[PDB]
Amino acid sequence: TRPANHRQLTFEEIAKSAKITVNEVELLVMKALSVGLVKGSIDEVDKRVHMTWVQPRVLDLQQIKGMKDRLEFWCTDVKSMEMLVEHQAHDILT
Amino acid sequence: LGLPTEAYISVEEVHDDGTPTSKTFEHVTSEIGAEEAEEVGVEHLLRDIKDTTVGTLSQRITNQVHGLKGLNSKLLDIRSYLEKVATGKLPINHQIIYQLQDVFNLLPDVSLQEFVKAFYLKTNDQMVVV
Amino acid sequence: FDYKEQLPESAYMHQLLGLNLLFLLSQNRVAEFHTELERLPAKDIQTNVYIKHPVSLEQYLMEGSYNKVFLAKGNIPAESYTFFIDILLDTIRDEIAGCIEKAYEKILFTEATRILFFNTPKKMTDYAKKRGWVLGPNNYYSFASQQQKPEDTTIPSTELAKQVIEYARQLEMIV
């Protein structure tokens, strides 16, 4: 559910979501990394857990629609950058 | 945009994920190589429409533009398939789809402060040489 | 100025020049103030009172002797001077409100009123309305929204790409 940019997870949020005590989140995240379900890193000073998730998940039609519009934004950005580069380098393009 | 070959193979499996199995056609990576004689023939044939070998800035910028165009085409194809899946015209694979999800997870995530500082350092280090 | 070589010069000439200097100072056209002041011969810069008063007030405003300006407001030699002195006081008040704006990161109503020289809290409230200074939770006007630290987080990306493409253009151009 994270916006894929604020991938850092606060320890309080994980404690509330999983109903695990403050100190249990460390072990829970460690197990998640160990079994092979997440490929991130864990920080204790800030009590935030770095998230880099490789294990995929099944999708839903609404999830597919969200992914589709996000990819539409991505492709529009790519097209805009390509057009800018092409127009700015017309002489050198050849 | 793309190679002119697409090698396919026949695969019979049980599909694991409780779905009917069929002959289908599994895909295998394809690439166009050559041997010495064929290479010599190709070089002779395309000696009048061949770009100079060496990274001339013109060819580098043109290649980068070509790569942007290829990325745009691939993204458009993926978006069209996603639209078809959402509208139901094509089935939700339940596989490969999460491969696209993994792709979307592997995004660079630029604008991180540490990465921004490092990239500015690299850009300045290159600009001093320039 | 053009016809000094024949036409006579009256003390009214000093008075009008001083009034013009005061007007320019009040309208914050300091550059035009000095441009005009250069015209007057250096002898009357300090001798004539009518031009010395605007010059003195501008000099006081230069070094932030704002209390000096307010106290010396009584050196006005003419009522026409007093009108533009009131206008200049308003301009100095605006500049002081800024001064609290840009330099300070936070302020307080009790001290802000003294800084801006308001004898009634209603005037400071009017400034909060006219200039829209965001009040603070502890009655501390907040200016943090002014300075900010933009552009230090996102790489321009596109602009530097344009610059590098310009480099490549200037390189591969036949000319």
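Values in this text are rule-based calculations from the coordinates and carry no lab data. Note: ideal-geometry Cβ built from the backbone for every residue, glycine included; neighbour counts use all protein chains shown.
I need the full set of residues from segment C:20-71 which are within 24 Å of C:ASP94 (Cα to Cα) and small (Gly, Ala, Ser), in order please.
C:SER26, C:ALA31, C:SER56, C:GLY64, C:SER65
In segment B:101-130, what count of residues is obtained for those that are charged (D, E, K, R) and within 14 Å of chain A (Cβ to nearest Cβ)?
3
Suppose we keep only residues that are assigned to a loop (DSSP other than H, G, I, E, B), without any contact (Cβ under 8 Å) to a residue 12 or more places away in the chain and at the interface with chain B (Cβ under 10 Å from one of its Cβ atoms) within segment A:38-66. Which one would you say is farthest from B:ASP102 (Cα to Cα)?
Top of the filtered list is A:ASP60.
In segment C:80-102, is there at least one residue being surrounded by 14 or more Cβ atoms within 10 Å (Cβ to Cβ), free of Cβ contacts under 8 Å to residues at least 40 places away in the same chain and in a loop (DSSP other than H, G, I, E, B)?
No, because not a single residue in segment C:80-102 is surrounded by 14 or more Cβ atoms within 10 Å (Cβ to Cβ), free of Cβ contacts under 8 Å to residues at least 40 places away in the same chain and in a loop (DSSP other than H, G, I, E, B).
When you go through (1) buried (at least 16 other Cβ atoms within 10 Å of the Cβ); (2) within 30 Å of B:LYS84 (Cβ to Cβ); (3) more than 9 Å from chain B (Cβ to nearest Cβ) one by one for A:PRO3, which number turns out not to apply?
Failed condition: (1).
Can you name every residue in segment B:29-49 that is closer than 20 Å to B:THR5 by Cα, of a type in the set (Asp, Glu) and assigned to a loop (DSSP other than H, G, I, E, B)?
Scanning segment B:29-49 gives B:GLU31, B:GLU35.
Which of the numbered conditions does B:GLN101 fail, given that it passes all the others? Conditions: (1) surrounded by 11 or more Cβ atoms within 10 Å (Cβ to Cβ); (2) of a type in the set (S, T, N, Q); (3) part of a loop (DSSP other than H, G, I, E, B).
Every listed condition holds for B:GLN101 apart from (3).
Quick one: how many residues across segment B:36-94 are facing chain A (nearest Cβ under 9 Å), touching a residue at least 12 places away in the same chain (Cβ under 8 Å) and either loosely packed, with under 11 Cβ neighbours inside 10 Å or within 30 Å of B:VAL130 (Cβ to Cβ) (or both)?
The qualifying residues number 1.
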